[PDB]
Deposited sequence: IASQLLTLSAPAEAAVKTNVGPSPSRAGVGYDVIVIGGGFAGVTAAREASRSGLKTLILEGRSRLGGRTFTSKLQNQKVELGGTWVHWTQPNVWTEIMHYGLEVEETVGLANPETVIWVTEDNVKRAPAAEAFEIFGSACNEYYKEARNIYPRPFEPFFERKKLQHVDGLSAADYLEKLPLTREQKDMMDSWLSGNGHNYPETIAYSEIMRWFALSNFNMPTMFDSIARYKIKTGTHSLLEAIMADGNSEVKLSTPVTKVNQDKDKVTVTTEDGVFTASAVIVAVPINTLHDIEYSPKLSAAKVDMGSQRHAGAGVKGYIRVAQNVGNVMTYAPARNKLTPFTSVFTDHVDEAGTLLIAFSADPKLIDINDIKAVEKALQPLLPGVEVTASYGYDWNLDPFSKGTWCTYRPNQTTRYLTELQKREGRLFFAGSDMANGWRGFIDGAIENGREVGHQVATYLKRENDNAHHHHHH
């Protein structure tokens, strides 16, 4: 390392895409760098695994060239993408089920989106520059997704389809999710609903998200310690002392790249600013269910919508991954784990009956990101007021403590792309700070 009295120039706490991108950035600047990771693996809220004979993504999955950082890195390393999924759309409204060819359902849904998203260009004309229209964003940031929904002249059917979509975006009940965050997704999709569909659930890395993570790691020169939860971070004038459950490590600068819902799992000295305290106490809105379901039947390429609260089914959305000769692989989301145990095959089979009657579930699994102490929640969509109250102060360095993550990115906050974007600029600021 450069200076005396430290073990490292840079310690990165957390080895998701954000921490790994920051550690590549720091170590390729010639800084002696260590990643401290609490789990037995790198990847964080991305986790490539297996379900039956299928390679699956238990967390973060889909990517697009609307996402500058992850698309840059995909091409950087010569990786390929393939496609997930629609023929028919099934939706619940007033606790009744309808189905129709996809284009007909999209006539109703798109007309609703036309109304729901009409202010997005006014609030985020530069989506990677959150506060370019600070005052207009401030005017609406108090609104939840449900609040804005109740202001619109839509049919109940249109409102029910939006409820499904909005709940799907934030992974929670619509009243918990910032309306402005809904506008952000649309703005990042170039104010075009088909581009939004393509960006958030279509293309995936052929060799898995883990192949990109390892490419980034292998391009750096950083050390790694796995299965090493950090318990204390202590900063003085000259260095940072990081206490873990298996060793003490010092650095001239530390990048805290943990999910914001786990900020209070670490003990900090001096204490952190009110923005970190409040965000870590309030959490972002992402707290739902994601699972993979195997049904014996061939149901084709379906996509389903249902409100977060309905009498028929706990799933806000179910859609075909691919059809097979063992049946259909479905992907299913719910707003609330209390509504369905995604690993209970019988519970799940009953949950699907209103949408795909007679279907037989042979396998069902979802990773529990909510109870995993190293995530405590799913992807990050802010709650009302959080963007304008906390984003900038959340991003800020405090002495020798820097902060990184998709949970605080400027652009595709809540996505793999946001983690890489934020990790790369924070790692560069650290390199600059260390001169």
| item | value |
| --- | --- |
| Ranges of the deposited sequence (numbered from 1) for which no C-alpha atom is modelled | 1-23, 109-112, 463-474 |
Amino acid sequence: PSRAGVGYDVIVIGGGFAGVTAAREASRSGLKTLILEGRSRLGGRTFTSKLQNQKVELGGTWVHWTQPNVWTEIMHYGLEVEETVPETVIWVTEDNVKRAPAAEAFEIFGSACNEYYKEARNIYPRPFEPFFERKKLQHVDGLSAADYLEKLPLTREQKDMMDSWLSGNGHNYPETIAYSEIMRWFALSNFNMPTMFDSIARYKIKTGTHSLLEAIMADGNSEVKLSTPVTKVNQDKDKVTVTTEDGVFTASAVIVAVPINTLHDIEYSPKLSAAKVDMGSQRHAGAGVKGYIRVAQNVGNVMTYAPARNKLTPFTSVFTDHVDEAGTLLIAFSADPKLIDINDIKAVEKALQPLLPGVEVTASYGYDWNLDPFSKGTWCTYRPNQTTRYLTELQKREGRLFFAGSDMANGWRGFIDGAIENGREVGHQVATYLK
From here on, numbers count along this sequence of modelled residues.
query: 226-234 versus 345-353 - greater average Cα B-factor per the deposited record; finding: 345-353
query: Mean C-alpha B-factor comparison - 248-256 and 357-365, higher one; finding: 357-365
query: Per the PDB entry, maximal CA B factor within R283, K290, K118, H76; finding: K118
query: Residue of maximum C-alpha B factor among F333, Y179, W71, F191, per deposited coordinates; finding: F191
query: Ranked C-alpha temperature factor of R45 among modelled chain residues, by third; finding: lowest
query: Position of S199 among the chain's modelled residues by C-alpha B-factor, lowest, middle or highest third; finding: middle
query: Where the record places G142 (Cα B-factor, split into thirds across the chain); finding: lowest
query: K338 by Cα B-factor - lowest, middle or highest third of the modelled chain; finding: middle
query: Chain thirds of CA B-factor: placement of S27; finding: lowest
